[PDB]
Amino acid sequence: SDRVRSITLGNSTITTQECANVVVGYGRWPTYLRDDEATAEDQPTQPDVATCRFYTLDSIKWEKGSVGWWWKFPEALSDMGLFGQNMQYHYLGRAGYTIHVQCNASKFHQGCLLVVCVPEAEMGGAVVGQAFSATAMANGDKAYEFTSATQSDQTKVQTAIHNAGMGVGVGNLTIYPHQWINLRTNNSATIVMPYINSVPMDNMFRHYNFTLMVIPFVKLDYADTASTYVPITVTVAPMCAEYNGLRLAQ
Amino acid sequence: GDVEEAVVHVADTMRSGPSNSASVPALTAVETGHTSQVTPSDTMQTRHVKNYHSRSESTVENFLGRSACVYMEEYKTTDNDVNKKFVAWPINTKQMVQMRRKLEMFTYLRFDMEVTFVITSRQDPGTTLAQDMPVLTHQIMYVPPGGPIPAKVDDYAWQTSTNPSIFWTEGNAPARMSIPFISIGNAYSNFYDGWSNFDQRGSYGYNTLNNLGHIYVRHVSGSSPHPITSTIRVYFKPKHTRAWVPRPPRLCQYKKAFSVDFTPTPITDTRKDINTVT
Amino acid sequence: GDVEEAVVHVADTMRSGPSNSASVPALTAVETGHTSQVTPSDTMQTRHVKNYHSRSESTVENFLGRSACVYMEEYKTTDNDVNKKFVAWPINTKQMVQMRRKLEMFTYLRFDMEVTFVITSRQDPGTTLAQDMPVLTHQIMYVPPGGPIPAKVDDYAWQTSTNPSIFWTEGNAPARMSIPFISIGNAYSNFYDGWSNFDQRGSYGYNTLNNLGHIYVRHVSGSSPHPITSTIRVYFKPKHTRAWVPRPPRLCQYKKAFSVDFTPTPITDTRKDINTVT
Amino acid sequence: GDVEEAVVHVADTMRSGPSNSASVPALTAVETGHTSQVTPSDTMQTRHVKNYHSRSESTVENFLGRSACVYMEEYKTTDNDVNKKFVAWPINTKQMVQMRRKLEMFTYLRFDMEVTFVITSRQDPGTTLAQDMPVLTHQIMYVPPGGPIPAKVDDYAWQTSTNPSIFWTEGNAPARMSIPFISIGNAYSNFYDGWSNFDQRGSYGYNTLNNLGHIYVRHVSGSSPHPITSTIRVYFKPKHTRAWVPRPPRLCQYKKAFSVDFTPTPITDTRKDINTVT
Amino acid sequence: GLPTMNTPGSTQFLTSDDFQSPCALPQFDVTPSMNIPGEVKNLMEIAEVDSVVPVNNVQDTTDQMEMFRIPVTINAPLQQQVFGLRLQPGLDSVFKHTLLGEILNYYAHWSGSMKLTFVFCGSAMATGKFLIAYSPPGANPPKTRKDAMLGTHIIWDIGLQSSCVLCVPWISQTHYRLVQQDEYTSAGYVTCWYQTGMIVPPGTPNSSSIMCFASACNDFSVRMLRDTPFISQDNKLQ
Amino acid sequence: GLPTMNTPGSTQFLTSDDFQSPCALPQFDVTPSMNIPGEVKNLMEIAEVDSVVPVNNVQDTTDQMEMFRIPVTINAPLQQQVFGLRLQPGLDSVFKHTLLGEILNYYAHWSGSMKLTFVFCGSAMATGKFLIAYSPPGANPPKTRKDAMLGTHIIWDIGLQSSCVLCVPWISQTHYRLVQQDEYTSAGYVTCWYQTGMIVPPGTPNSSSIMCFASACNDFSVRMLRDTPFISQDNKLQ
Amino acid sequence: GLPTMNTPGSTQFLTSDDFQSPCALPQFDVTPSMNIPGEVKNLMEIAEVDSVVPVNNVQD
Amino acid sequence: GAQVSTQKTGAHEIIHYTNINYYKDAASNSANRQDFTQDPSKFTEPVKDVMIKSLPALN
Amino acid sequence: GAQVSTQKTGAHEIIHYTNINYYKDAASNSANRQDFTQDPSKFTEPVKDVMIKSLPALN
Amino acid sequence: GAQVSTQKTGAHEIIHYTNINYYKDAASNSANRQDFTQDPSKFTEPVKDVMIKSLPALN
Ligand SMILES: CN1CCN(Cc2ccc(NCc3ccc(C(F)(F)F)cc3)cc2)CC1
Ligand SMILES: CN1CCN(Cc2ccc(NCc3ccc(C(F)(F)F)cc3)cc2)CC1
Ligand SMILES: CN1CCN(Cc2ccc(NCc3ccc(C(F)(F)F)cc3)cc2)CC1
Ligand SMILES: CCCCCCCCCCCCCC(=O)O
Ligand SMILES: CCCCCCCCCCCCCC(=O)O
Ligand SMILES: CCCCCCCCCCCCCC(=O)O
């Protein structure tokens, strides 16, 4: 059977008995930087199994009225294991990621989720012509919620779900790498994202490489059951990570 | 040998007959993120068709290979306000909506540029218009970042020794020129989800990576007894283009020249009901 | 080899002598729809004549290979009426009678096009004419069907990013340009005996197949203290022509630009009697 | 064969590992006047890097291969003062600061020259400006040292029989011309630490070696009923350049066109203290 | 010098010309190229990607996201219509703003076949059959399932495979069709009808939803680059 | 004659063009060439020569020459800072007017590694050790020797060899950096600290001085020729 | 550049000239050709077809 | 890539010209008005059975 | 140093043009709009395991 | 009498141009900005005795 998948990174393993195929970025597997493309001169560090392993972020609840959530990376993993320390102590960084989303429900539930990774997901403010801090869009591992109605507070991003906070049609996000979690036939989605940027390496504290979004296209529904919500969990694992430019931490 | 001698039609349709088997091309699963590769030959009987259509006009090179206006401004030959006798424009491609949207369909671009300048002049209205003036001449100055900037029409900075410049006389063909790929990075970035300072503070968005310089224009020495107004239009035409990571086209109307801010918009228009087709 | 090296005179006349036989080339039968192929040699004695005349100038390529005006319109640089400061012409070849008749001798045509624009300007009369204006500039915009249409001289649509355009300055040679065969069908249709709707209703005639687009013209930025009027003339010159199904030339004068309507006309002129020859 | 068929990237970085030996590349002695040739590979571990950067744009040919203005002056078509109707400029490169500093980075230079002239005209203000004048024409005269010098606009000296001259009409492209290496010595001298007389008296400095001649400009025959003022700008563009003995760039502002005189200037700007880095 | 004569068109500025021009930064050294993942060499590649179609434009959608879901019920009158729409990818409001319609709106002519993919997002225990039919151009759209089934159609059975495709063949009298479609270049209609009905066991929701995806086949193509009308401005941005 | 059409850009004057033009002194005989010593074929050769860096810009230098000397004392509080500066070769006041900064100010982009050479000009009997460290870009510059030593650094021992070099490696996210550096293209900091302290025998001065030299490595390069802002005039020179 | 001199007739528009001009729709794909019956390559072919002559022009 | 072909002239009284294409689109080429092939049969003899001029048209 | 290449034309209906470069910078060359290679796999089939259209998508 | 030479371009991404001289004076030729030879030894190592970087500068 091709409906069972197993992933082993470092000292962690992920097993799924109910899953679809695996999507690999734009057809490119993560890899180390080549000699003829590098620009920095000093030897890079390659923490191997210490940084390349699965790290489970906090879990969320899926209710009948949920609208969606998003996470920004690597700020989400900024304070996780040795990966966060190595980020803090280095000036330049580079790594691909493997994203796994878990969501399981009985055969009597119905719903559809869209899992998509949006590189360079620049967002606009609620009040046009008014700046926001770096807290309305990323505060560590916590998830940020979309809104059904138009956002009105000037201190946070425009959370209109149908526009996805980017001024584009929400239905056109299919262009980016993505997968669907349909409770009829699926419980997890796996995406392998290579390193995408305009430069060989970049600082991970100043730049958000990509954004992860989960949107329920078909609202959850059920009848006459004791289960009131369906938790969702997200797991991420850096791949082929290498850092350069040791400075004082922070 | 003083010479060096240096087309891909769309797929054809194959004949298909009646079928009855366990193979089911029609059924698939979109949950995999995979777009189905079925063809009409796989779900109905079809004749053999030789197709000569080609996708030549849909290439990115041709799609972006059209000159489009990016900026216009007016300056007077003579006036009391010093700042009103010359133009100073920071180079950016976000000013005009059509070209902005065309470029914003891709995340990263790498191309050469071809710049064309169209200049026109007109005499301002007044109570006394009778005068005789010879043909006017204009100077276009390009100042890379960090260079000196003129503060008036007759400033010393207009004596370019290293800054490229073009002198143009009215009545001739529009000025034209070529620019190579001049980005510090490996490709231009239409979007930048990040900050300027390392502590996640300061400027945010694509405004941080805009350091292309300035352009200045003036009348060389024309100073009419009566005011004369001139307008300049700048046209960009990418060449040898390469693109990466396509993204959905924008839906909401633009509102700022250096921000993504927008107002929520409906997905599309409505109709009477789900069955209305008239 | 850096080079590649790449005429049919009319028939001659053969000598014929006296004849007396059962063969009768003269008699035939037009009821068959067959045009007789007899020659003067078949009905009288003739000498041998070597003929060097050629039909080179009678080919369709040369017959239709002449530039002909198809439209003219006037627009003012400044005026109170917004609609009077620019032109908007739906492309069609039925406006001018000479070219219309020349084209209408065939049912289907397939050719490339060469378009030339002639623009002239003149100063409108008035009580005060003394003014000085630099050379004017004009913009020609082509909008394929379905594209945005400007509503005023200074509309945003004039910032063409995909629509081809030409900027021209007075005093130079007329603008020229080439257009390929841009018909959805396999050939242009001068006539269409059919309707638009499937139930035989709606528009009727060749008006249904005219979807070539529009052309717009304006002064780039010229705005004189006193009005100035300009006129533009459009010339079409088919190239690489092919024709099918010739039809008789028209006899009645044209009366509508998008219809075949006409008034009955006599077959030809009269004379005193059937024997008058003077 | 009618054809003749006629790149140096910067150094790469080699991989280096841990070291512990008596060799000490880091320590040296500047007292020898020798600049250390160490590389980052000699003091820390480094990866292998293939570098494609090139120093093409830093060559002297490209650095000095840009046209720069060297002189401008104004002359009127008609006026009471005879000396005000034409220009007379002794050739020298010390008039304009940017080009002067660019050239003064080397002691000796040897190059060909390309000279371009930009001329513009404007009508002077007055109580009555209504007039009609045809296009103006200008003459540029070059007089090697010792030749006759005109004393008025209509002098006989303007009938050049050996002196090269250029006649230019307004509305066309700027005049251009080439000059070879015309120094009596083996190379131009930007500096000359010496005197004119053998007893160490007389003129001092680079003024002694400036004997390049003069340039004269006038309106050929234009004489308007009302005054008209014209301005000429001269641009120099060295070609086929060679330089010797580089010297530090100047620090103090220029104050004389034929002397090195200056005012003492601080070495650089100040900061709060030796540890301030913010 | 060499005798020459200028022909018409000299000194004109054509926005779609191809001529050489001088470089103002001679001997400029460009940054070395890098192979960023996800290179695109033709807009058709984008056009062949699926996108959600907002079919539920019922003029009373207080919630925008409701536009993407087609309602379905348990005890449906036999042979009822599920939805109907016009096949105008570049003009109909349904396909106007999709990932495909956006690309077509930059062109004037289009040709080729299209793919419509439907996915059932109900419960795992629910079952049913649906008939999806494409009706070529005609004087009247179908009103009943008997009329609809005469044209090209496919019977969709809901099971382990949650999605089915409906290739809309390219049937036209001309090699190309106008994006700004009219009566002359009409393309037909697409409709869906109940084939057997939806049946659910006890303890399940009484309603479900379906979603539609639109994309182009490998024989699709476009022509005549034009400016899109969806975006406009009244003043210079600042 | 030969048909021709003028393209846009005709009759324009571009200051960086390369075209042939007539010679106004035909058959002119130039003076024979002579090989003067010290030919220069590239400004980088000049850029690779050392020059004294005026580090002591203390805003109270009544004597200008004092700017070139870094003071040092005998009984220094343990682990004290000697000096600190920003690594902006083309913008910082320290490197602005040096032989290298002057060259960079004629360009817009630069890349490559740099060399900093320090020479001890004290007594022959004096001795000491110093720590010189380069800190890549970050949110905060180092404040103490413990913070400084984490980055690239070298321990300098004063002996018979009076000078030591500190190669500043090229560590950047982009292939090039702007001469008019900003927060995006920051380069870091350089600082020096006492490692052991300076010890002198009886009968010697209680203070000494150090000098710094700046130069470019063999992998340095520049780009985008521009006009320098250090020189200006208000009226024509006479 | 290459020295040249313009001869009389430059910048004129002759309605029967044959010159190359730029294409404003580069890389445009034309519709495939089809052999429609009844192609005509010379007006003389039309001229050789019979036609009824109105000889009886009797003014009444 | 230069074509050499003869130019129109008299009957019995260097009659060569050179052409080069500068643009990448065939629509930009000059008119090909040097073709002189023709066949009036399609309009003059559209009958099925061939008829000989000498023999009677019918019977 | 002249390149000769074919020009765009019809399907089955001297189709050569000559080009020469006059400037020393490659940025001055004309647009190279004659390339027609394309590959939609990167966006249409980004899956790891190859799926056959005929066989069922899952199991 | 036409020279063919390569034109400046990228590192690993018909790169030929033709030049002809029309005037009889070499001063009329275009700038020869294609030379990239350089040698910093004259200014960086003007010493008489060669010094090795690895060995001590003195003794
Ligand atoms: C936001 N967009 C990023 C990419 N960038 C591309 C780009 C780069 C450079 C130019 N230069 C135009 C130009 C200015 C001035 C001259 C001068 F006249 F000074 F020589 C010549 C060309 C344009 C676009 C666009 C913005
Ligand atoms: C009724 N006739 C049918 C055949 N049709 C032939 C035909 C097709 C296209 C054109 N285009 C002319 C043209 C318009 C605009 C431009 C622009 F300036 F926008 F580039 C260029 C060419 C002409 C005739 C004629 C009508
Ligand atoms: C102080 N600098 C010494 C080197 N010298 C170089 C140099 C030499 C000759 C010229 N000639 C310019 C020129 C003048 C006049 C004409 C004329 F129009 F008469 F033909 C042509 C060229 C320039 C610079 C510069 C000073
Ligand atoms: C864009 C093409 C410009 C052609 C310029 C004139 C021809 C120069 C080359 C001499 C003719 C040889 C042409 C060939 O090899 O076929
Ligand atoms: C600056 C280049 C000017 C070229 C002038 C037109 C070409 C003249 C030479 C004929 C073509 C041969 C070129 C070649 O040898 O490749
Ligand atoms: C004054 C020189 C005019 C040259 C005109 C263009 C070149 C025409 C000849 C074709 C190129 C061949 C030159 C050669 O034999 O080297």
Side-chain angles (χ1 to χ4, degrees), chain A residues 3 24-30 33-34 36-37 39 67-68 96 105-112 114 119 129 146 148-149 160-163 168-178 180 182-186 193-200 215-225, chain E residues 31-40 45-55 61-70 96-103 119-126 158-163 200-215 238:
Chain A
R3 298 257 307 300
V24 184
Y26 293 91
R28 284 280 281 290
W29 201 261
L33 183 57
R34 276 154 82 65
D36 71 34
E37 321 207 323
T39 181
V67 182
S106 87
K107 283 198 196 304
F108 291 66
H109 286 77
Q110 71 189 28
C112 208
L114 172 61
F146 282 106
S148 183
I161 180 57
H162 54 94
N163 284 188
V168 304
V170 69
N172 294 335
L173 292 175
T174 300
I175 179 55
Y176 302 117
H178 75 294
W180 298 85
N182 191 7
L183 301 182
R184 293 191 79 260
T185 80
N186 219 22
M193 263 291 267
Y195 176 78
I196 312 183
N197 197 352
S198 60
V199 286
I215 297 89
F217 265 79
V218 180
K219 61 227 310 315
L220 184 76
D221 196 343
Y222 53 81
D224 214 14
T225 179
Chain E
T31 311
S33 193
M34 181 177 70
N35 60 349
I36 301 150
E39 181 167 14
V40 61
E45 293 166 7
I46 290 159
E48 307 212 346
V49 181
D50 291 331
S51 56
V52 190
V53 183
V55 175
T61 53
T62 54
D63 188 358
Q64 288 290 309
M65 282 302 271
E66 182 65 26
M67 273 186 204
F68 290 112
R69 290 189 294 274
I70 303 159
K96 205 156 57 153
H97 291 303
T98 62
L99 196 69
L100 178 63
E102 289 298 26
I103 294 287
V119 61
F120 182 68
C121 301
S123 160
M125 302 271 86
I158 287 155
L160 294 174
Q161 313 293 354
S162 64
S163 63
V200 300
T204 53
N206 291 350
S207 302
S208 285
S209 290
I210 293 163
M211 313 209 289
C212 183
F213 294 65
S215 56
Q238 294 175 345

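Values below: all heavy atoms of this structure, side chains included; hydrogens, waters and symmetry mates excluded. The chains referred to below are lettered A, B, ... by the order of the sequence lines, with proteins before strands, and numbering in each begins at 1.
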Taking the side chain as C-beta and beyond, is there a heavy-atom pair between A:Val170 and E:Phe68 under 4.5 Å? yes
Beyond-backbone contact of A:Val67 with E:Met65, side-chain heavy atoms, under 4.5 angstrom: no
Between [X] and chain E, which part of the residue has a heavy atom less than 4.5 Å away: side chain, backbone, both or neither?
X        : value
A:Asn182 : side chain
A:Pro216 : backbone
A:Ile161 : side chain
A:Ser198 : backbone
A:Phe217 : both
A:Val199 : backbone
A:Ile215 : side chain

Toward chain A, the part of [X] with a non-hydrogen atom under 4.5 Å:
X        : result
E:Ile158 : side chain
E:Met211 : side chain
E:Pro37  : both
E:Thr31  : neither
E:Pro54  : neither
E:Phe213 : side chain
E:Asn206 : neither

Can you name the salt bridge (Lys or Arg N to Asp or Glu O under 4.0 Å) partners of A:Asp36, sequence neighbours left out? A:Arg34
Residues at least two apart in sequence or cross-chain that pass side chain to side chain donor-acceptor pair (under 3.5 Å) with E:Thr98, listed by chain then number, are none
From [X] atom [atom1] to [Y] atom [atom2], the distance as rounded to the nearest 0.5 Å:
X        : Y        : atom1 : atom2 : result
E:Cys121 : A:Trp180 : SG    : CH2   : 7.5 Å
E:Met34  : A:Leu33  : CE    : CG    : 8.5 Å
A:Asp221 : E:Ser207 : CG    : OG    : 8.0 Å

Atom of [X], atom of [Y] and distance for their closest heavy-atom approach:
X        : Y        : answer
A:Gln110 : E:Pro205 : OE1-CG, 3.6 Å
A:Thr174 : E:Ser51  : OG1-CA, 4.2 Å
E:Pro201 : A:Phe108 : CG-CE2, 4.5 Å
A:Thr185 : E:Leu160 : CG2-O, 3.6 Å

Quick check for you: among A:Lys219, A:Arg28, A:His162, A:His109, which has the greatest number of heavy-atom pairs under 4.5 Å with chain E? A:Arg28
State whether the side chain of [X] and the backbone N or O of [Y] hold a donor-acceptor pair below 3.5 Å, judged by distance alone.
X        : Y        : answer
A:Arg184 : E:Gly159 : yes
E:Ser123 : A:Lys107 : yes
A:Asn172 : E:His97  : yes

Looking at E:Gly203, E:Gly122, E:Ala126, which makes the most heavy-atom pairs under 4.5 Å with chain A? E:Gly122
